[PDB]
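**Q** test case, fold it:
(2 chains)
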Amino acid sequence: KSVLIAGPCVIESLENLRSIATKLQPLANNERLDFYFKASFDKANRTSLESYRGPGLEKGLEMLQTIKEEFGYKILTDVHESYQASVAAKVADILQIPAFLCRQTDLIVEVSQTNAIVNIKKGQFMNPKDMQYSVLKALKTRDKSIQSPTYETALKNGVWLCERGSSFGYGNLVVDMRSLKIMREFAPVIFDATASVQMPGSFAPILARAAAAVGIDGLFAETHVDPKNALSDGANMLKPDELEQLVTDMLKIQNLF
Amino acid sequence: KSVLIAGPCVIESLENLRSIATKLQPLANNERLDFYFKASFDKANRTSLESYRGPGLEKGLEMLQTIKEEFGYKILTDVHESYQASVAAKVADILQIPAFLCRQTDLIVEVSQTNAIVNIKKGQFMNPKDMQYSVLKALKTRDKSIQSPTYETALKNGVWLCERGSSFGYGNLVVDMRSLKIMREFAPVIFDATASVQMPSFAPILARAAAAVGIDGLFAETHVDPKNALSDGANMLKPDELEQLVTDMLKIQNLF
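**A** Residues are numbered from 1 along each chain as shown, chains lettered A, B, ... in the order given. See the structure here:
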């Protein structure tokens, strides 16, 4: 089963969450997918001081819980501080390490001491080869006999790596498709199609197809019922219909190989 | 006075700290410098689980305060997480935000709520023009009326920017000297001459380069005996090397 992780960037309100959850119900019941609903409870890196923060840990997890109960969804959320990990793992089936935190030992350790799947996003200037060390800190926490990380051992131990692009000059993101293959020696690989589109002066579908042709274990996409009215920078996100098409195309590609 | 911030990467032991402190006395007493001694109480991004962590906030701060007392040095240290800032600032004269955290709003706000000077390292893939937003968050915290960040305003309220290079492909780092000028419009600029790509000498040359462009200070990792440094024993300067580098900067700055 290919993994699909999908939902809005940040939790905005219970009704917005219910709305997007509802639009994703057909994807979630697709027996070819292993589905996880996502939303951040905090926006730690917001553009400016008065920018929307999100509801915070306690109210945000209550909300993700309600989605899990009403829709039957497994949940992914991300964690920025060690001491969030334990309580978040009681609602989230996956805990995500943000890309900028991907070398933070204590965070990785704490998250790995929980029972959740650990999804480590690759830093924007990290060499994909160096992501083995982050996988290994997690694996060693879960099984202190492991000396080197492998796909099969990371899979049995619930540790995954996520491609979100590399910085390319100032204000540009490029996806080196080679990294998908390289990181897959170490762990299952998820492709974040909506992070990685950014050029100065949508590409998400075409990169998702490229990624599926190379070989990925799953897809991650930020999705909103109405991007123009989102409380993020609304530029990165797909509509549900757009995501359905993208997923349709990935499965056809994957079924060739 | 130009700022010099110098000390080891991490607190190894009290005697090691005392030893590096002693060797920095000549630079600490230099009439042309505004000197701060630094060292991290925690190394948050070590490449292995077994690797040395540093002594932790409590004990590390206690060690730095001892240096402050014994040597009369003002202190810089870095903060990595919530609820460190206020306690760190009882000892540290400068609180530093590491480069990968340079856009973390809550961390900026929290550090800026203390009495400390705030040193914001530029992210390895940040456009220097975008550092103006980090400065403004810190500035607004200290004075709500400020709408746009400026050198004069950042200097008065103790918010500095620090250049540490930009990622250039994989496993390589490049200093865009233009960033020194660009960032200086927003705040005083320190150049981190020991900036190096971590791997999971050109320092004097870049320092002279940066002094010629225009900087408000220099930051350098320094160790008495780098080969026996608990981390990272590859990129630090020896005390005498730092002196040479400081000499050349002052001469270049004296032309202007």
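
**Q** I'd assumed residue A:204 was in contact with residue A:238.
**A** Yes: judged on Cβ atoms under 8 Å, residue A:238 makes contact with residue A:204 at a distance of 6.2 Å. Bear in mind the C-beta positions are built from the backbone N, C-alpha and C, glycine included.

**Q** what's opposite residue A:173 in the beta bridge?
**A** residue A:167 (DSSP bridges).

**Q** so which residues of chain A form helices?
**A** Secondary structure of chain A by DSSP state H: the helices cover A:14-23, A:25-28, A:57-71, A:85-88, A:105-113, A:131-142, A:151-156, A:178-183, A:204-214, A:240-256.

**Q** how about the residues of the stretch 1-150 of chain A near chain B?
**A** A:44-49, A:51, A:81-82, A:100-101, A:103-106, A:109, A:124-127, A:130, A:133, A:137, A:140-141 (Cβ under 8 Å from any Cβ of the partner chain).

**Q** common neighbours of residue A:238 and residue A:204, please.
**A** In terms of Cβ atoms under 8 Å, 6 or more residues apart in numbering or on different chains, residue A:238 and residue A:204 are both contacted by the residues A:194, A:221, A:246.

**Q** tell me, how many residues neighbour the residue nearest to residue A:109 when sequence neighbours are not counted?
**A** Excluding its sequence neighbours, the residue lying closest to residue A:109 (Cβ to Cβ, 6 or more residues apart in numbering or on different chains) is residue A:141, at 5.3 Å. The number of residues packed near residue A:141 is 20, by other Cβ atoms under 10 Å in any protein chain shown.

**Q** for residue A:141, give its distance to residue A:73.
**A** 27 Å (Cβ to Cβ, to the nearest Å).

**Q** can you pull up the most central residue in chain A?
**A** residue A:220 (5.1 Å; Cα atoms, centre = their mean).

**Q** correct me, but that one touches residue A:189?
**A** No: counting by Cβ under 8 Å, residue A:220 sits too far from residue A:189 to count as a contact (10.6 Å).

**Q** shared neighbours of the two, anything?
**A** Common contacts of residue A:220 and residue A:189, defined by Cβ under 8 Å, 6+ apart, comprise residue A:162.

**Q** still on that earlier bit, and the shared contacts of residue A:238 and residue A:204, which is closest to chain B?
**A** residue A:194 (18.8 Å; Cβ to the nearest Cβ).

**Q** rewinding a little: any chance of the shared contacts of residue A:238 and residue A:204 in CSV, plus distance to residue A:114?
**A** Shown next, in CSV, are the shared contacts of residue A:238 and residue A:204 (distance: Cβ to Cβ, whole Å):
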residue, distance to residue A:114
A:194, 26
A:221, 25
A:246, 31
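
**Q** between those, which is nearest residue A:170?
**A** In terms of Cβ to Cβ, no member of the shared contacts of residue A:238 and residue A:204 lies closer to residue A:170 than residue A:194, at 21.0 Å.

**Q** that closest one and residue A:238 touch, don't they?
**A** Yes: assessed by Cβ under 8 Å, residue A:194 is found in contact with residue A:238 at 6.1 Å.

**Q** more crowded one of the two?
**A** residue A:194 (25 against 22).

**Q** now do the same contact list for the more buried one.
**A** The contact partners of residue A:194, by Cβ under 8 Å, 6+ apart, come to A:204, A:220, A:221, A:222, A:223, A:236, A:237, A:238.

**Q** how about TSV for the residues you listed, with distance to chain B added?
**A** Converted to TSV, these look like this (distance: Cβ to the nearest Cβ, whole Å):
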residue	distance to chain B
A:204	21
A:220	21
A:221	23
A:222	18
A:223	24
A:236	16
A:237	20
A:238	24
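
**Q** ok, so of these, who is nearest residue A:57?
**A** Checking the contacts of residue A:194 one by one against residue A:57 (Cβ to Cβ), the nearest turns out to be residue A:222, at 20.2 Å.

**Q** out of the contacts of residue A:194, who's nearest residue A:15?
**A** Of all the contacts of residue A:194, residue A:15 sits closest to residue A:223, with 16.3 Å by Cβ to Cβ.

**Q** nearest to chain B: which residue in the stretch 151-257 of chain A?
**A** residue A:167 (3.6 Å).

**Q** what's the spacing between that residue and residue B:11?
**A** Residue A:167 is 32 Å from residue B:11, by Cβ to Cβ.
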